[PDB]
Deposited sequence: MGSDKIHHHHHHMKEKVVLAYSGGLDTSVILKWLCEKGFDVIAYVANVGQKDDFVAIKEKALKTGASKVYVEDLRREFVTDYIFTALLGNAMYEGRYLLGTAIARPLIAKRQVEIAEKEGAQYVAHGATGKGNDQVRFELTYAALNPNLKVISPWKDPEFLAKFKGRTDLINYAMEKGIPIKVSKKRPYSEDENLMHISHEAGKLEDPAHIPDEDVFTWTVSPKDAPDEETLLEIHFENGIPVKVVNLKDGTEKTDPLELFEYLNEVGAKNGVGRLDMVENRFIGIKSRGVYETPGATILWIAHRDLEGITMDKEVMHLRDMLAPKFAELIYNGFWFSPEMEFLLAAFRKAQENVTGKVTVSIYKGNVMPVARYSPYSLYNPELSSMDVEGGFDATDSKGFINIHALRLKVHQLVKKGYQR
């Protein structure tokens, strides 16, 4: 009778959860969000149904992910703790929002997810549920005392026992998340921050060492801070559709060893965690975007935006995408992107993304009025305050 919409990935955790909820008497709808992971969605839907789902939704969210999520983060050049481009964090609110909309469509009273009881993704799901429809009841088995006792090999044994299909070959020994923006790799041997990742940790980018010994020049065009065109100046390739252009940046980046990050981050739930991230396309876009801002944005606007950029990234990381405070910052950050319009040429070569030229119709260089006397005054007035401080303390 009772319906639950379960965020279903096809992996062992959500497959066990799906069976388990069916066994508890729920009508389970499996919701499969395609945000660019290189998964077999046909197989995943079959697995859900064989596991007991009444109905499967396979939702192609890739274009929306790009235009309304990745490009929104781009407004702040969002980087968490100086470094992390937030690939998992940017996807989760989109995935949860769509889950909310499906539950409303189905008249389901419950949403469920299989995020772990001790990570960040659980927060990103649940804060979104709360922000969009607080009337939906939330099921999180990894925080359920009963589930937690049963599954402290317990998951595989239960799959075998209950007729849940299981993977026909060994899983990679890392916890990995993948979407159109990045692949993350955590846990296993990576848990020790003094352990150097071996090359097999990486699955998208080639290493800078293996990347071709030849430069590629791209021109990336923006309008009010949004990418609108990528042109390969070597081979002539041109992309204008936002999804295709972003995918093309991923391709160029990955081929050329761009976008690897190895860091220890502070979690929202927990203390610290070591992650290895591969972000080929967004790495390129963020660098190009900042370069155009250099020639277009007012100095004082940039300074204030940069002051607030850590907060913007924190809100994304923590799961407050759909929060009043995010709306406050976005109002200003969007205003700052007005007339961030023009084109940047980037040289791409063995891991390096180097702006070499840029142009904007909205700059002084579209083909000042002071003198040395003005400088003298400007200095003298600023200096006054410093003299006073000295003549006292």
{"property": "Chain regions without C-alpha coordinates, deposited sequence numbering", "result": "1-13, 166-167, 383-390, 417-421"}
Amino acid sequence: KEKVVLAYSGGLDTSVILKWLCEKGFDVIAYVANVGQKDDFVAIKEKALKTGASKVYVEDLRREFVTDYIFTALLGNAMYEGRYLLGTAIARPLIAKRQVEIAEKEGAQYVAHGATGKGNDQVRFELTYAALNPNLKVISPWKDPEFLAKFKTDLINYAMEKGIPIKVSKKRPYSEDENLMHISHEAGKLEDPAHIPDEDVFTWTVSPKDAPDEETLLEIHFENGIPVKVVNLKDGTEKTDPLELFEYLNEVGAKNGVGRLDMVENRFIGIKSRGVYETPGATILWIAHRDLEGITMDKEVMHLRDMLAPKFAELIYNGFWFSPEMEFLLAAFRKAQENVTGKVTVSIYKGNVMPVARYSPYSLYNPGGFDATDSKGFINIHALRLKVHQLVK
From here on, numbers count along this sequence of modelled residues.
{"query": "Comparing 239-247 with 131-139, the one whose average Cα B-factor in the PDB entry is higher", "finding": "131-139"}
{"query": "Greater mean Cα temperature factor according to the PDB record, 55-63 or 350-358", "finding": "55-63"}
{"query": "Residue with maximal Cα B-factor (values as given in the PDB entry) among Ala33, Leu329, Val344, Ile29", "finding": "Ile29"}
{"query": "Residue with maximal Cα B-factor (values as given in the PDB entry) among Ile196, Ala288, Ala159, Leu308", "finding": "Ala159"}
{"query": "Chain third (lowest, middle, highest) by recorded CA B-factor, residue given as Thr153", "finding": "highest"}
{"query": "Position of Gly270 among the chain's modelled residues by C-alpha B-factor, lowest, middle or highest third", "finding": "highest"}
{"query": "Chain-relative CA temperature factor third for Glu293", "finding": "lowest"}
{"query": "CA B-factor placement of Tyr174, once the chain's modelled residues are sorted into thirds", "finding": "middle"}
{"query": "Chain thirds of CA B-factor: placement of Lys299", "finding": "middle"}
